[PDB]
Amino acid sequence: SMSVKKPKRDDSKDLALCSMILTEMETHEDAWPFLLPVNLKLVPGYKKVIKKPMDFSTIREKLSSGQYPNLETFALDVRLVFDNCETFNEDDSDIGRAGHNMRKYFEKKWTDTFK
């Protein structure tokens, strides 16, 4: 509360560490459905159904330009990518299975790096 502060968790490396995780996600062989925004003109239904589209390229631009206030807002965008994928793709499709694999990959890196 006023003038009473919990000890300072060192966040000085968070930017560099999120960037490393994002590089590893970008270079995974199952990253291909997630590298660019879904094309809203060519994919019927996507625009109306998926209220907040997200992809790896958009996260990388946000991260390079100071648009994440902290490491948690970065993790929320990564999870948004896989939540959108589960919303629109069958589990037993190539893109559905890719999304489950990538989510697993991300959450292990997240816990190993920060928890």
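Residues numbered from 1 in each chain as written, not as in the entry; some residues may be left out. Heavy atoms only, no water. Residues with missing side-chain atoms left out of burial classes, pairs and counts.

1. Some thoughts on helix 4 (residues 71–88)
Three or four residues apart is the spacing at which side chains of an α-helix point the same way, because the helix has 3.6 residues per turn. Counted at 1.5 Å a residue, the expected span for helix 4 with its 18 residues is 26 Å, and the 27 Å between its end C-alpha atoms agrees. Regarding helix 4, the residues found buried are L71, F74, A75, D77, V78, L80, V81, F82, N84 and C85. Buried positions along helix 4 lie against helix 1 (14–26), helix 2 (46–49), helix 3 (56–64) and helix 5 (94–114). The backbone nitrogen of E72 has a side-chain oxygen 3.0 Å away, supplied by the residue at the start of helix 4, namely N70. (Helix = DSSP H or I, 4+ residues; strand = E, 2+ residues; numbered from the N terminus. Expected span 1.5 Å × (residues − 1). Buried < 20%, exposed > 50% of the residue type's maximum accessible area, 1.4 Å probe, protein only. Contact = heavy atoms within 4.5 Å. Polar contact = N/O pair within 3.5 Å; in protein donor to acceptor, adjacent residues only side chain to side chain.)

2. Focus on the packing of helix 4 against helix 5
Axis separation between helix 4 and helix 5 bottoms out at 8 Å; the angle between their running directions is 160 degrees. Regarding the angle of helix 4 to helix 5, the classification is roughly antiparallel. Crossing angle aside, the handedness with which helix 4 passes helix 5 is left-handed. Residues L71, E72, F74, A75, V78, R79, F82, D83, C85 and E86 of helix 4 form the contact with helix 5, whose own contacting residues are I95, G96, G99, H100, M102, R103, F106, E107, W110 and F114. (Axes fitted to C-alpha atoms, helices over the stretch in contact; angles between N-to-C directions. Parallel < 35°, antiparallel > 145°, perpendicular 65-115°, else oblique. Left-handed = near helix turned anticlockwise from the far one by under 90°.)

The values are spatial; any link to function lies outside them.
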